[PDB]
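**Student:** Pasting in a structure now, in structure tokens, and then I'll have a few things to ask.
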Amino acid sequence: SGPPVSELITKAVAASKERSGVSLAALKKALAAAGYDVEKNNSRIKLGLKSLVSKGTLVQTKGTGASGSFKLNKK
DNA sequence: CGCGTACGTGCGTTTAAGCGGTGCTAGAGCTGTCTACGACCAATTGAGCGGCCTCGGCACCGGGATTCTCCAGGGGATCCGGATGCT
């Protein structure tokens, strides 16, 4: 089975936690370093990030849609 | 917009370009010869082009396969949710 991508993205945004949000390229490279097939899952990571920001668990800093930088919620 | 990177620039260092000087020569160039060669021209011809006439290679027409495209099925790959196993 294996944990879905959303928990991996939460660990990715919690890995560094610099002042600005974590970027799309940084989270892709974080998935590559932790171990993930980022090549065939671009639509997957796009829909996953949109789904998680729609819940409000993570908020958008600067960009629009899948672009920009991504940082976690208030609490 | 963001990330990775690839020059920009600013320091020092080595060097070889740059400058000044000198000798030698080999080729540039000028002059004289003269011989090979091209221009010109009378005469005349055979190749080169207009005219013409036929015909088969080809442009148009039509019928059938094949490959490209697109769409539908649908399959399945793996995922997002989740059902849930079981822990």
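Chain A is numbered as in Swiss-Prot; shown residues: 36-110, in order.
Determined by electron microscopy, 7.2 Å, according to the entry header.
Yeah, the Cβs are placed from backbone N, Cα and C, and that goes for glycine too.
Okay, so Swiss-Prot annotates it like this:
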MOD_RES   A:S36  phosphoserine
DOMAIN    A:36-109  domain 'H15'
MOD_RES   A:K52  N6-(beta-hydroxybutyryl)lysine
MOD_RES   A:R54  citrulline
MOD_RES   A:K64  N6-(beta-hydroxybutyryl)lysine
MOD_RES   A:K85  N6-(beta-hydroxybutyryl)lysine
MOD_RES   A:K90  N6-(beta-hydroxybutyryl)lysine
MOD_RES   A:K106  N6-(beta-hydroxybutyryl)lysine
**Student:** Please report how many Å separate the Cα atom of A:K64 (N6-(beta-hydroxybutyryl)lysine) from that of A:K106 (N6-(beta-hydroxybutyryl)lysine), as a whole number.
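**Tutor:** Computed Cα spacing between A:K64 (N6-(beta-hydroxybutyryl)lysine) and A:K106 (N6-(beta-hydroxybutyryl)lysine) is 16 Å.
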**Student:** Near the residue listed as 'citrulline' in space, meaning Cα within 10 angstroms, which of the modified residues do we find among A:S36, A:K85, A:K90, A:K106?
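**Tutor:** Those close enough are A:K106.
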**Student:** Mind checking which of A:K52, A:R54, A:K85 has the fewest other CB atoms within 10 A of its CB? They're the modified residues.
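**Tutor:** Relative to the other modified residues in A:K52, A:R54, A:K85, A:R54 has the fewest Cβ atoms within 10 Å.
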**Student:** Show which residues of the chain containing A:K106 (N6-(beta-hydroxybutyryl)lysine), separated from it by at least 6 in sequence, have their CB under 8 Å from its CB.
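**Tutor:** Listed in sequence order, they are A:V48, A:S55, A:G56, A:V57, A:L93, A:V94, A:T96.
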**Student:** Out of A:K64, A:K90, give me whichever of these modified residues has the highest number of other Cβ atoms within 10 Å.
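**Tutor:** The residue with the most neighbouring Cβ atoms within 10 Å is A:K64.
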**Student:** Which residues does A:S36 (phosphoserine) neighbour through Cβ under 8 Å, counting only same-chain ones at least six apart?
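**Tutor:** Sequence-distant Cβ neighbours: none.
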**Student:** For the C-alpha pair, I'd like the distance in angstrom between A:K85 (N6-(beta-hydroxybutyryl)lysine) and A:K52 (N6-(beta-hydroxybutyryl)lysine), rounded off.
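**Tutor:** With the alpha carbons as reference points, the distance is 20 Å.
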**Student:** Measuring Cα to Cα, tell me the gap between A:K90 (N6-(beta-hydroxybutyryl)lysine) and A:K52 (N6-(beta-hydroxybutyryl)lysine) in whole angstrom.
**Tutor:** 20
**Student:** Sort A:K85 (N6-(beta-hydroxybutyryl)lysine) into helix, strand or coil using the DSSP assignment.
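**Tutor:** DSSP assigns A:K85 (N6-(beta-hydroxybutyryl)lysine) to helix.
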